[PDB]
Amino acid sequence: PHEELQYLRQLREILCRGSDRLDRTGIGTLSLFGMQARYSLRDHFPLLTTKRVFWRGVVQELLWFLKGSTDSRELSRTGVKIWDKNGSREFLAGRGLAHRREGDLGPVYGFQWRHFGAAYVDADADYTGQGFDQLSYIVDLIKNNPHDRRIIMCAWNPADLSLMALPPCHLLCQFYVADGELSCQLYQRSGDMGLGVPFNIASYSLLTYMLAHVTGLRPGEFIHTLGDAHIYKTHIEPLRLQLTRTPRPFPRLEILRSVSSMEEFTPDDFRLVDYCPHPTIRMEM
Amino acid sequence: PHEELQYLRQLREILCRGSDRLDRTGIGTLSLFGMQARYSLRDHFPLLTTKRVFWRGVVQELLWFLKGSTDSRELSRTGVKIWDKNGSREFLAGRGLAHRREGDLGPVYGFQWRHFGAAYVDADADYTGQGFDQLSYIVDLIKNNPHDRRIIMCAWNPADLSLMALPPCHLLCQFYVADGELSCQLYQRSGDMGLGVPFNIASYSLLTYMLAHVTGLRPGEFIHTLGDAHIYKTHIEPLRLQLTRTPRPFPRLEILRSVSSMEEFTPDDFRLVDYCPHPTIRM
Ligand SMILES: O=c1ccn([C@H]2C[C@H](O)[C@@H](COP(=O)(O)O)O2)c(=O)[nH]1
Ligand SMILES: O=c1ccn([C@H]2C[C@H](O)[C@@H](COP(=O)(O)O)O2)c(=O)[nH]1
């Protein structure tokens, strides 16, 4: 069966037996707790096809994370605007972080990944050598101790929550090496099935391809584990539309160049081959 | 179907198609990566039955960590010895932490749960108002903002790993409130299917029972998520024997009095009703 059907089945399960609860946004959601799906990376790339996924966003955001940035202006410069609402001086003021310059998200993914446990100053500070560099950590383990059971990168630092524009949803990833293949499991505490989850599958699938490339391994599987998997009430009509669509065969992902380091990737290094999605489905928020 | 059949099926899959790997110290496991099982908490308590689980150890260990202890002696004094090897001066010297007094495990679970991000000194220090109290954090959310999607308690602090006797296996738990019920998902990065996992299921199921009690909710589901799920090769034969056993009905768990704080439970507050496991197996 087409692997996209897991996601579509999860949509149906939530619609059909999800709990109706008033959430933070006050829009209301239907939700289930605890889900898991499995996506092969060996012969294709799991970029969902029953709607067009914002691939350009997926690529730029991950490279932005990987270099340790916490500056939304830095992502915005590449034309990807998805963090700009959260980086505005207005939004930050609303969070009780009015002292921040425009763009300073606080110690979000980039900072946690490259400097876990360091004291955050601002987005312009030099954090060289400060905190625990989890990216170096996992690459070293994958290369030199591939069967280790602690190949983890974690973004959840509760001591840093009050400094963050938003608390992370992707709590950690774990990697696993067997038979020359690299696999990845993501624990995501909160998944907006409508706008978030297809994008998120793509992000960590991409990360796995990049790590596999850099470490001389082939991509294996991506395992997506969800906590609160939910559908916003405002998404019920477009998602019912999406549920009428049959998945197309997944595309392939090609890396166009030998890249020696996780930090040396650029968007021009990737080629998506035969991505043929159904049309974009607009959904509110 | 009996929910323990999930665990037994997981055992079977690993023995059938698990990957055969040696670590950098030369020991072999069969493993699979990425697993998930669900245990109902409503009508019974999921203490596994095809081999006896060390319930007395499960209870004392959890109470010990909830009060923020990183002192193995405090656990040992209760008659539960499962952390004593790790807290021995020889073990800590083997870890590169020979300065430690006997019992000082470093910033393991107790410290991460009650003082995340604080600077660890030693097991005897007073850390009041230091770091992030995740236990108070999640109790407050469950009570006052039950639909919050950030009800997290995390034990994985990479900056602290070098100070710990052993890195945590149970990286985080998340809680969920729906229709008067409290559910819990554990992310476990590494599960010894033979010796560890049944104990681990009991631990977080009990934790959910306690939090539900304190917050006036009913226990719902425990979702167990595994990363590296493995069987040590030396365990394969006794596990083949265990796999011939039919699960017996799960016991029930009763809490004997009204307890209003997660820190006020004692082992006497818990009655395990009709736990009839098959005999323990020598692994
Ligand atoms: O990468 C992301 C980021 C956000 N969200 C969604 C999930 C929630 O609907 C919302 C975040 O809200 P909280 O869970 O923090 O309340 O955004 C995702 O699905 N994926
Ligand atoms: O609560 C625990 C603690 C440990 N283990 C097992 C898993 C591994 O076999 C071993 C820990 O070794 P590492 O994964 O840290 O290498 O102990 C468990 O199953 N449960």
# chains A, B, ... in the order shown; residues from 1 in each chain; ligands from 1

$ interface_residues --of "chain B" --to "chain A" --cutoff "7 Å" --atoms "only C-alpha atoms" --output "list in words"
residues 19, 23, 24, 34, 116, 117, 131, 132, 147, 148, 149, 158, 159, 178, 185, 189, 190, 223 and 228 of chain B

$ residues_near_ligand --ligand "ligand 2" --cutoff "7 Å" --atoms "only C-alpha atoms and all ligand atoms" --output "PyMOL selection string"
(chain A and resi 148-150) or (chain B and resi 166-167+169-170+190-193+195-197+200)

$ residues_around --residues "residue A:101" --least-positions-apart "4" --cutoff "9 Å" --atoms "only C-alpha atoms" --output "PDB file with N, CA, C and O atoms, in the first residue's frame"
ATOM      1  N   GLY A  87       8.594  36.412  14.836  1.00  0.00           N
ATOM      2  CA  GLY A  87       9.783  37.216  15.034  1.00  0.00           C
ATOM      3  C   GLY A  87       9.515  38.703  15.104  1.00  0.00           C
ATOM      4  O   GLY A  87      10.446  39.487  15.293  1.00  0.00           O
ATOM      5  N   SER A  88       8.255  39.100  14.943  1.00  0.00           N
ATOM      6  CA  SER A  88       7.914  40.526  14.958  1.00  0.00           C
ATOM      7  C   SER A  88       8.066  41.094  16.365  1.00  0.00           C
ATOM      8  O   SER A  88       7.798  40.400  17.339  1.00  0.00           O
ATOM      9  N   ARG A  89       8.486  42.352  16.474  1.00  0.00           N
ATOM     10  CA  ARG A  89       8.651  42.967  17.790  1.00  0.00           C
ATOM     11  C   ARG A  89       7.323  42.974  18.539  1.00  0.00           C
ATOM     12  O   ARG A  89       7.302  42.921  19.758  1.00  0.00           O
ATOM     13  N   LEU A  92       6.789  39.331  19.959  1.00  0.00           N
ATOM     14  CA  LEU A  92       7.743  39.130  21.037  1.00  0.00           C
ATOM     15  C   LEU A  92       7.336  39.938  22.281  1.00  0.00           C
ATOM     16  O   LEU A  92       7.355  39.422  23.405  1.00  0.00           O
ATOM     17  N   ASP A 122      21.353  37.131  22.979  1.00  0.00           N
ATOM     18  CA  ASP A 122      20.449  37.528  21.911  1.00  0.00           C
ATOM     19  C   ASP A 122      20.814  36.785  20.630  1.00  0.00           C
ATOM     20  O   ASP A 122      21.720  35.955  20.638  1.00  0.00           O
ATOM     21  N   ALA A 123      20.107  37.086  19.542  1.00  0.00           N
ATOM     22  CA  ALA A 123      20.300  36.393  18.266  1.00  0.00           C
ATOM     23  C   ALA A 123      21.600  36.771  17.573  1.00  0.00           C
ATOM     24  O   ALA A 123      22.037  36.076  16.662  1.00  0.00           O
TER      25      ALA A 123
END

$ residues_around --residues "residue A:266" --least-positions-apart "6" --cutoff "10 Å" --atoms "only C-alpha atoms" --output "PyMOL selection string"
chain A and resi 59-60+63+259

$ write_last_selection --atoms "N, CA and C atoms" --output "PDB file, in the first residue's frame"
ATOM      1  N   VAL A  59      13.180  23.031   2.932  1.00  0.00           N
ATOM      2  CA  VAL A  59      14.624  23.122   2.726  1.00  0.00           C
ATOM      3  C   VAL A  59      15.257  24.321   3.428  1.00  0.00           C
ATOM      4  N   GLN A  60      14.780  25.533   3.146  1.00  0.00           N
ATOM      5  CA  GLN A  60      15.389  26.722   3.754  1.00  0.00           C
ATOM      6  C   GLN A  60      15.321  26.683   5.284  1.00  0.00           C
ATOM      7  N   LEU A  63      18.027  24.167   6.824  1.00  0.00           N
ATOM      8  CA  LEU A  63      19.397  24.675   6.722  1.00  0.00           C
ATOM      9  C   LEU A  63      19.621  25.808   7.719  1.00  0.00           C
ATOM     10  N   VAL A 259      28.867  16.461  -0.458  1.00  0.00           N
ATOM     11  CA  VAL A 259      28.899  17.428   0.627  1.00  0.00           C
ATOM     12  C   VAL A 259      29.503  16.780   1.865  1.00  0.00           C
TER      13      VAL A 259
END

$ residues_around --residues "residue A:235" --least-positions-apart "2" --cutoff "12 Å" --atoms "only C-alpha atoms" --output "MDAnalysis selection string"
chainID A and resid 11 15 27:30 192:196 230:233 237:243 281:285

$ write_last_selection --atoms "C-alpha atoms" --output "tab-separated table (two decimals), in the first residue's frame"
chain	number	residue	atom	x	y	z
A	11	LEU	CA	-6.88	11.94	9.39
A	15	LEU	CA	-12.27	12.92	12.31
A	27	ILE	CA	-10.65	27.48	17.36
A	28	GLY	CA	-11.28	24.04	18.82
A	29	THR	CA	-9.72	20.76	17.71
A	30	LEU	CA	-10.49	17.10	17.20
A	192	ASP	CA	-1.54	20.06	13.27
A	193	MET	CA	-2.60	17.39	10.76
A	194	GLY	CA	-3.74	20.07	8.34
A	195	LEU	CA	-0.87	22.55	7.98
A	196	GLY	CA	1.99	21.10	10.02
A	230	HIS	CA	-5.18	17.16	15.99
A	231	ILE	CA	-7.44	18.66	13.37
A	232	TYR	CA	-8.46	22.32	13.73
A	233	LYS	CA	-12.22	22.73	13.30
A	237	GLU	CA	-13.86	21.08	5.07
A	238	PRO	CA	-10.53	21.25	3.22
A	239	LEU	CA	-9.30	17.99	4.82
A	240	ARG	CA	-12.48	16.17	3.79
A	241	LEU	CA	-11.61	17.36	0.26
A	242	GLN	CA	-8.06	16.03	0.68
A	243	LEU	CA	-9.48	12.69	1.86
A	281	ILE	CA	-5.14	23.16	-0.44
A	282	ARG	CA	-5.46	26.44	1.39
A	283	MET	CA	-6.32	26.20	5.07
A	284	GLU	CA	-6.74	29.03	7.57
A	285	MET	CA	-4.74	28.66	10.81

$ select_by_dssp --residues "stretch 164-279 of chain A" --states "strand (DSSP E or B)" --output "ChimeraX atom specification"
/A:170-178,181-192,218-232,252-255,270-273

$ closest_residue --among "B:32, B:163, B:11, B:47" --to "residue B:247" --atoms "only C-alpha atoms"
B:47
